[PDB]
Number of protein chains: 2
Amino acid sequence: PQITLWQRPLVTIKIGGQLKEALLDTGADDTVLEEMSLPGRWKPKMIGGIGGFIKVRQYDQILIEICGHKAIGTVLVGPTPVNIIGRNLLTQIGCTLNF
Amino acid sequence: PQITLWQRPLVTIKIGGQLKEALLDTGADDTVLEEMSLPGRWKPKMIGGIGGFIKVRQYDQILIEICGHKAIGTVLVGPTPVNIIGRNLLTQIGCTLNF
Ligand SMILES: Nc1ccc(S(=O)(=O)N(Cc2ccccc2)[C@H]2CNC[C@@H]2N(Cc2ccccc2)S(=O)(=O)c2ccc(N)cc2)cc1
Ligand SMILES: [Cl-]
Ligand SMILES: [Cl-]
Ligand SMILES: [Cl-]
């Protein structure tokens with residue numbers, strides 16, 4: 001698709017068999033989802049937002065579909081304001097900025 | 001331009017006679033820059049994300065140049081750890097997400 005930015009670029013994702021809404025965020029280096037259950041072991045990770053750094057859970061090599069496009073990569077889980085697809089998976093689906 | 005997301009989409013902007021580096025951020029509703037002076041009236045606002053919220057000053061109808069493209073819009077100024085170009089200005093330069 002070509003997605004304009006007059007509104008938030010919210011899209012449907014699928015992870016763990018579940019559909020969710022997430023924001024395509026080119027400012028986010030890393031994908032971060034709201035609290036949920038994922039398989040395997042996790043590792044600690046700090047991410048920095050506008051108000052400082054917080055600790056989230058890092059799960060690697062997670063299958064996730066984004067607007068119908070398949071990805072497998074790192075998914076962080078924590079108290080994000082909204083589900084966010086960050087540059088690590090936007091690159092995988094071949095997303096670019098254009099003007 | 002077509003901008004890759006392998007790295008942070010950092011561009012040069014010109015605002016208030018100043019050259020600055022800023023992130024093209026599709027997750028940001030608003031443009032938010034580190035502390036600087038801008039002309040005209042302003043009013044306070046709070047913006048937030050992971051880490052919490054910060055207080056900023058809101059200036060309207062500010063002229064900014066982004067990668068050579070001129071635009072007009074609201075700029076927020078405050079203690080952000082990164083200069084952010086948000087959707088309110090990305091729309092004006094014709095910026096889209098594409099995959
Ligand atoms: N990996 C990663 C890093 C940071 C974050 S975040 O700070 O939560 N976050 C997501 C978000 C917050 C609020 C609403 C919608 C999206 C950031 C990332 N893009 C937009 C948002 N921001 C830009 C940013 C902040 C820190 C580092 C790099 C960029 S922001 O400053 O919080 C912001 C929030 C609200 C408005 N109006 C304008 C700007 C999330 C994941
Ligand atoms: Cl990854
Ligand atoms: Cl505006
Ligand atoms: Cl348009």
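Just so we're on the same page: letters track the sequence lines, and every chain starts at 1.
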Decide side-chain contact (heavy atoms from CB on, under 4.5 Å) for A:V32 and A:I47; before the verdict, give the C-alpha distance in whole Å, the side-chain angles of both, and the deciding distance to 0.1 Å. CA-CA 9 Å; A:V32 199; A:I47 42 170; 3.5 Å; yes
Show every donor-acceptor pair shorter than 3.5 Å between a side-chain atom in residues 2-10 of chain B and any protein atom, with sequence neighbours excluded, or say none if there are none.
residue : atom : partner : partner atom : Å
B:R8    : NE   : A:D29   : OD1          : 2.7
B:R8    : NH2  : A:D29   : OD1          : 3.4
B:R8    : NH2  : A:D29   : OD2          : 2.8

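- Atom CD1 in A:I66 sits 9.0 Å away from atom CD1 in A:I15 (nearest 0.5 Å).
- With rounding to the nearest 0.5 angstrom, the CG atom of A:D30 is 11.5 Å from the OG1 atom of A:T80.
- Side chains of A:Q92 and A:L90 form no contact here, defined as non-hydrogen atoms less than 4.5 Å apart.
- Taking NZ of A:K45 as the reference point, atom CZ of A:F53 lies at 9.5 Å (rounded to 0.5 Å).
- With hydrophobic clusters built from ILVMFWY side chains whose heavy atoms lie under 4.5 angstrom apart, B:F99 shares a cluster with A:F99.
- Atom SG of B:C95 sits about 12.0 Å away from atom CZ of B:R87, to the nearest 0.5 Å.
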side-chain contact (heavy atoms from CB on, under 4.5 Å) evaluation trace for B:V77 with B:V75: CA-CA 7 Å; B:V77 182; B:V75 174; 4.2 Å; yes
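- At a threshold of 4.5 Å between non-hydrogen side-chain atoms, the residues A:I84 and A:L33 do not count as touching.
- Between A:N98 and A:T96 there is a side-chain heavy-atom pair separated by less than 4.5 Å.
- Taking the salt bridge (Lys or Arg N to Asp or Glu O under 4.0 Å) definition, one finds that A:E65 meets it with A:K70, sequence neighbours left out.
- Using a 4.5 Å cut-off on side-chain heavy atoms (C-beta onward), B:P44 and B:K55 make contact.
- A:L38 is connected to A:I13 through a chain of hydrophobic side-chain contacts under 4.5 Å among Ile, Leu, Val, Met, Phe, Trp and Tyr, so both are in one cluster.
- Note that the SG atom of A:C67 and the NZ atom of A:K14 stand 13.0 Å from one another [nearest 0.5 Å].
- The number of heavy atoms from other shown groups lying within 6.0 Å of CD (B:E35) is above 12.
- Connection of A:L97 to B:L23 is not established within any shared hydrophobic cluster, with ILVMFWY side chains joined at heavy-atom distances below 4.5 Å, either directly or through further cluster members.
- The structure places CD1 of A:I54 at 4.5 Å from CD1 of B:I50, a figure rounded to the nearest 0.5 Å.
- At distances below 3.5 Å, at least one donor-acceptor pair connects side-chain atoms of B:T26 with backbone N or O atoms of A:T26.
- A search for salt bridge (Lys or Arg N to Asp or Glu O under 4.0 Å) contacts involving B:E34 returns B:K20, not counting sequence neighbours.
- Residues A:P39 and A:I62 form a side-chain contact, since some pair of their non-hydrogen atoms from C-beta on lies under 4.5 Å apart.
- At a cut-off of 3.5 Å, with distance as the only test, no side-chain donor of B:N88 or B:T74 sits close to an acceptor on the other residue.
- Following chains of ILVMFWY side-chain contacts shorter than 4.5 Å, one cannot reach A:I72 starting from A:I93, and the two form parts of different hydrophobic clusters.
- Below 30°, between 30° and 60°, or above 60°: for B:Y59 and B:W42 the angle between ring planes is between 30° and 60°, a tilted geometry.
- Contact check for B:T31 versus B:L76: no side-chain heavy atoms found under the 4.5 Å cut-off.
- No single ILVMFWY cluster, assembled from side-chain heavy atoms under 4.5 Å apart, contains both B:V56 and B:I85.
- Using a distance-only test at 3.5 Å, with no hydrogens or angles considered, a donor-acceptor pair links the side chain of B:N83 to the main chain of B:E21.
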